[PDB]
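Colleague: Sharing a structure here in structure tokens format.
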Amino acid sequence: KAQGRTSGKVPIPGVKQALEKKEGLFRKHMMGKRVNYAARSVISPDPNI
Amino acid sequence: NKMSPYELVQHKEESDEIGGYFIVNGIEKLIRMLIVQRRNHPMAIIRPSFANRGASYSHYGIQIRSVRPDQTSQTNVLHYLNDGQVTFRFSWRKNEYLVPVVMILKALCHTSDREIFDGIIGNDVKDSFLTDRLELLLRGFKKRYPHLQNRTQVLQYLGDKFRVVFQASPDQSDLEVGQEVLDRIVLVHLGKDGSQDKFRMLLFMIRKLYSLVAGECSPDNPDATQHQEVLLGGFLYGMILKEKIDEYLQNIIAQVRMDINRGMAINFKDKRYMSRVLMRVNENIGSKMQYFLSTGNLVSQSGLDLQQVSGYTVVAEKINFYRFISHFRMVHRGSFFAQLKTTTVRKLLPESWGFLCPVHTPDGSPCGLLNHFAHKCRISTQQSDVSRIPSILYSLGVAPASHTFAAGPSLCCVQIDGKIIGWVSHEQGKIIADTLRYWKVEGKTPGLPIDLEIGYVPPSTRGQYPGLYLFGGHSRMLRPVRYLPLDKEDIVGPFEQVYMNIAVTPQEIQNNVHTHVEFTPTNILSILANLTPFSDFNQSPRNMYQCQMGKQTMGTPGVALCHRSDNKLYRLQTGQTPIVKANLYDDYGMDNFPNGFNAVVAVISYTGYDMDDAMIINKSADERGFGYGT
Amino acid sequence: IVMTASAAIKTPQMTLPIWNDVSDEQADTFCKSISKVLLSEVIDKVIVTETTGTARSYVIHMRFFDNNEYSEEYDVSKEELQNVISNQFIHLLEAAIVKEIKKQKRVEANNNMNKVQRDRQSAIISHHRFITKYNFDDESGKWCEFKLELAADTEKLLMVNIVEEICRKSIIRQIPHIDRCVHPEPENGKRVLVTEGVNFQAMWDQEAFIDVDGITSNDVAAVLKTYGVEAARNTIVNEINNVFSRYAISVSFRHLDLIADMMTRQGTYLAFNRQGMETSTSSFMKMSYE
Amino acid sequence: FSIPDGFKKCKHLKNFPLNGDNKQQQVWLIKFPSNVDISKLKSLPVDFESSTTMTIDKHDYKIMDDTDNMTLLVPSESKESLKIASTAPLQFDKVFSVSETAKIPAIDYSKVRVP
Amino acid sequence: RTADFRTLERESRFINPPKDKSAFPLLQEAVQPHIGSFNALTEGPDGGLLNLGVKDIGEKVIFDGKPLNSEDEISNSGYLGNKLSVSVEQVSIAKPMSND
Amino acid sequence: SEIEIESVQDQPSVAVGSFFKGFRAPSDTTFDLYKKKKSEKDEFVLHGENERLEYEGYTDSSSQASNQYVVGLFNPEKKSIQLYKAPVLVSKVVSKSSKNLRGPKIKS
Amino acid sequence: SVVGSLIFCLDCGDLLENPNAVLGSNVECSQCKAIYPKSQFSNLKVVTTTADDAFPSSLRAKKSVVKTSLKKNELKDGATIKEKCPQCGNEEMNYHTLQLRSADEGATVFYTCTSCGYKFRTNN
Amino acid sequence: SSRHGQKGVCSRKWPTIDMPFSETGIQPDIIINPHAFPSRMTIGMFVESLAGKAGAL
Amino acid sequence: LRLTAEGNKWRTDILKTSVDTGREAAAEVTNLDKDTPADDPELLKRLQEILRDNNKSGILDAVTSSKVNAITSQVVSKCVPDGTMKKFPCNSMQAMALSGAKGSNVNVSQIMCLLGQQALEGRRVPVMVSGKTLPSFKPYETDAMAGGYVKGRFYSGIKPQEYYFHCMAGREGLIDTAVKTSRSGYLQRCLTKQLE
Amino acid sequence: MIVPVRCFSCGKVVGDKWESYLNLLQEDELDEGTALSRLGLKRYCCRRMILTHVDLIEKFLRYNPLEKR
């Protein structure tokens, strides 16, 4: 909304831009989260399990 | 520079130290090569982005990329409007200036209206398509600009409107500024005081524009490896250095004017006022050149000819030696094209036979765009002597262009390096182009260099615009073949190659068709695509994926490693030479840098721990040091 | 289909089942009575002889094809060429000669006509701006002829490149919103005609040829507009299935019935987008989407 | 005027015997390289048509006829010594052209195509 | 076919690096578009591309805002002052040394 | 099918002009055939005038050192030509009444 | 000198104005002066035929020498490759492969019958 | 990886005790699955295999 | 991977019957007939017209790719199950493709018999302005091999001309993967939230 | 680098046959086939360890940072 300095790369995105993006708040920290008690690793084949 | 492999060892280098790169703050960087348009040759191109510019702009237009002798480029585009108006487009200081042609045609020399007529209508007087377009170009000037009766008055007008952005001083008159606009912008490969040659070429570019809108000519493909060259890494470094000293001479001038907008003290004959300015002028050019090699970002107040301002430089990598030597053969189409939605620039084409490798291109997103040069593909760095060629074409059947006035697709416009020199018939042009090649490879002619390419384009129905284009400049891709009479070596470029018959093996030479044969069929592959054993037995994506996987092996980067402090290196301990290997494995000296190790490999399903990718290493072989590295 | 729910499909079509008595020979005659014919498509050449003196004159001569070629390929009689060239074409050509004049201030020959051909010309001289002469081949339809005169005040004009653009704009006979009708190969015995463009109101008057109770488009916004919301629901499940069955992929109809019942839940054709989400209750589903 | 030095004016010329006849003197125009000297030759044996080949000093030529705008110029009388040769513009009559040729060798298809 | 591995030629080259032109000459030719192109900046005809380039961007001229107070004429108005024509007629790259 | 040559004059007998097509030059006025002198080299300069048409000419810097054009004089009952080394003069035609030029700047 | 609708000057080669578009019986050259007020020059006929790509049509395509259209069912594209049909009874079946992966997997074949036309795909 | 695009992960280090041996007494260093080859079509690996064996002999 | 000495002789005879096929489909599309010779100056006029038009060139490519693929499937129908050396209860390449273990019989036939037509953008090999498809070939060469037909196989190797055409079809399958890394990401996301 | 101590596949000690093999090829002027068979190498797993060895330690020892020049 604000023009201000109009030199480009506007700082302090403000409390709307903290909510609206692919990241925002509402898709990076509510609809998807990071979890405890989890692991990840490369998988390898086995016919004996 | 000129230093033995013994003395490269005594100065802490690898014995076959490769060179060809820069060291910038420890990081070991080089300049990517770019694929750009061929210099000094007009290209009849249709483009849908020409009607973007607004009203009555058609999809047609000639484009020439003219370079100066200091390898600095200036592109002129010659549009065709649907109203019969024909314009002229150029750039200056990131800004784009549209002008009529017959203000630029009439400022070059003293022109009548038959000289502009006969330049475009040599014969084809009775071609009613073409003489009607011409008086929307001769009446449309004389109606729109009715006060321009000679050359030294149209220079007044063209120097009046172009005074601010050309940044002239108030002592320069109107025609002195208007002569700069013709010296610095239109067709700059013909030099300054080359206006008699700049006039014949603009006539050639108007009729080629008119022969494209008549449908008589196929539109030249800018993405097809014959109408394009290679902007080298060192020539790009000198284009930006000329611009950096140009900002330097203007930052002196801007610093003097900040002293007369205050009025401190001025004597320009004084020794100590000169030193007083240059204390304050930033004269550290060499860190601005280091900033180019540090990030690749092209900063330019003018703006160069190129179409992007980022990613010109890359880091030379020593993850092995095959990754390192393949940076120096890598060429790139442009970063403008990886953003595109259409994947036709990525297509493998027959005009790259011998000049780009069909296999060696990276899998993924730069596929088709980041392809590598072939084996024996060389690039013209200096230009050869073209002073003696016009005196030889005159000894042959060429009629000189100063007193011929015979334009058209019905005749063969003989050019050298974009200078139109004369006119022949199409029957006589094929004989001139064949004797120039025979005189060339037999080195008894004093002035025909063997890297001169002889691009004869025979006439056809609605094909390419014909001609006898000869080239000798810089930045040209070249490769060797064998010329079948006299059996000598001939040097052939990609513009020649489209109309020449070049057999692959000597067992396929057929009577009265092939005039050339390849030396070896292996001269069309890369270096790394030619080390793959028995590659004519694999499927083609498996040869292409080897060129990706072969760069990423841990092998030997070098042997001077205790005198290096790179960020990370990968070194396999016990390499071996291969039993099964190509002959080029020895010529490129790959024994110095072993990539891998021989292994007893049993093609068997035995364990059950291996499907489609997975493999079984032997445990005791591993304990005995198999494939160990650090 | 699923996203954006467009009323402007790129290639809307219509599938027309033909009866039993109408053969493939009579269906090909029927496709030629629907597919549009431009006046461009019946011209062999246009010769424009420009002369000056007296008033700049402009003699436009049109070579058509043979009468037994364009009245076989296109089903356009030479009594239909007359009613397009005289009535429609010259008003379009004289609209563009004037419109250029605004920008401008900023073989064989035949004669000896009879009374029918004379007083037809007399109606055209009185009904156009700069015409003064006209003829037509009323024997064979191989040629037309009319001789415009403009003022001497006007300069050189590319008359051919105006005629090339107006001949490519003048329709001869177009049934509206339909460009072309084709006779494809009958799969599963279905003798159909496929029609590039949707107009159900036009194809209802062809009931001697077309089974009007079984015509089916792919434009769902048109089938919704004409045949209700339940027919639009059927058009969705057969146009998603045609996408998957073309790549030999099978999905169940239980999944395709559930999508067409979610799009047509308001009696309309709602997309899966931000705008079709507006008719929904939960605000956090809207906030968390976009 | 006032063109710089080097540019010397020529007060007298030689004579070109044309009268503007009517038999008539066929005026020609022929083209030669700097390899050949016309004074060191004496003959231009040319056929009725372009199917010609001369050999001077082991350099083979071919004398093309391209007869089917370059204006002739004759001495006025003696004073300024240039006027356009014309009866009322004017054209030449038979325009030949000599061009240097070279015998390209045929490919030796018994030695260059090895099985 | 017979394509030998050079096991007595390798060891005689690993121990003794050559004191003449390098073996493996095709490896020098693979960087000739880079090394040769940087060489054209300061070598070749017309003194290299850099000295040939500094005379295409030749002069940068300004004048004064101060007058001479000359004869009170149109020559007084036709006088801008005195004029720099600051130019660069030579650029030279020095091989890298060290200063202390 | 053979033709002998009587004379070849080094001295400038005849000239040749490359004017534009349809050039007339009414018969009242003559030309001036000059010559460039730098001790060995031969470059012709042309000039001529009347009340309107002032019109000079000059040779070419490429073709005259290489491609020589010769003017011949035949009659088929003679079986003979004589020749003259006749230069080809590239020429332009200016008018006196169109040599105006405006002020050197914007002047305002 | 008249070239079609263009008449050029006779001694300086400038372009004369359109003699019907000048004011009342007065033309002249403007480089030199070539006065012709009574407009000697006649009708200036330029006949211009359109180029035969200006009207693309299926009837012009039939006026070509080469074949510009394949027929309705007279190109069957090699209908005899042995493949065990899934549905009813066919031995022979057309195939078509296309590459999808990033040079780390091969390709996979499509299958369309010649007796029942059942579109089909096989993993291996 | 080999020089033919037959890359793959090391799925298991496998002891010589239960890895197949020959008439000559050679446990192979690397077992590759034969089910790699029908779709990859690296027959340059099938001729590198019998030409390296001839060259080592 | 090997055929027997009789089954190797079979495909040598059948591939010998493809030397006329490139002209027979050329002589058809031009609407000539009765086997005009290949260098006939009136055929070369007609082939040049086909090249300058994008529609007419696909008609030449669709007639010729339907005739050389007849010769392709005649070799495979004669040689793959029956003209081999080792057979199915010992042949692993056939057993891996019949069982559906890995690969198909298209892969077995390219190893053992021939690769076939290398089709590009649903057409044949692209061709220069000059009529040529490679600098090795004659301009407007009516041949199957000049249009990109491979009579070589992966068992005996492929020639340098047809090694170059097979690299063209290898790259158009990789630029499609370059434009296929996420096509349907926002379609599935927007379905899964209305129907959530 | 230096010749491996043991063969990778069989386990024969092979590290004592590199300076022997280079003198068999230099002074006896044998081919590589007989010189491997004289050294008691007769399994092709064990042949290639001496046959196909690069010995890059001779190129690494040229860079001694402890000795002057």
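The deposited model was determined using electron microscopy, 3.1 Å.
Every residue gets a Cβ built from N, Cα and C, even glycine.
Got these off Swiss-Prot a minute ago, pasting:
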BINDING   J:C7, J:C10, J:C45, J:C46  Zn(2+) binding site
CROSSLNK  J:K59  ubiquitin cross-link
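Explain the structural surroundings of these features, please.
Modeller: Within 10 Å of the C-beta of J:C46 (Zn(2+) binding site) we count 25 further C-beta atoms, all protein chains included.
Listed in sequence order, there are no same-chain residues at least 6 apart in sequence whose CB falls under 8 Å from the CB of J:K59 (ubiquitin cross-link).
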Colleague: What same-chain residues, at least 6 away in sequence, bring their CB to under 8 Å of the CB of J:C7 (Zn(2+) binding site)?
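Modeller: Within the chain, J:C7 (Zn(2+) binding site) has Cβ neighbours under 8 Å at J:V13, J:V14, J:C45, J:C46, J:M49.
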Colleague: Compile a sequence-ordered list of residues in the same chain as J:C10 (Zn(2+) binding site), six or more apart from it, whose Cβ lies below 8 A from its Cβ; state 'none' when nothing qualifies.
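Modeller: Spatial neighbours, sequence-distant, of J:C10 (Zn(2+) binding site): J:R43, J:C45, J:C46.
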Colleague: Just to be sure I understand the packing, how many Cβ atoms besides its own are within 10 Å of the Cβ of J:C45 (Zn(2+) binding site)?
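Modeller: Its Cβ has 26 other Cβ atoms within 10 Å.
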Colleague: What recorded positions from J:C10, J:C45, J:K59 have a chain H Cβ less than 8 Å from their own Cβ?
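Modeller: Correct list, in sequence order: J:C10, J:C45.
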Colleague: Listing the recorded positions J:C7, J:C10, J:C45, J:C46, J:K59, which lie under 8 Å (Cβ to Cβ) from chain E?
Modeller: J:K59
Colleague: Filter the binding-site residues J:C10, J:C45, J:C46 down to the ones with a Cβ under 8 Å from chain B's Cβ atoms, keeping sequence order.
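Modeller: Listed binding-site residues passing the 8 Å Cβ cut to B: J:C45.
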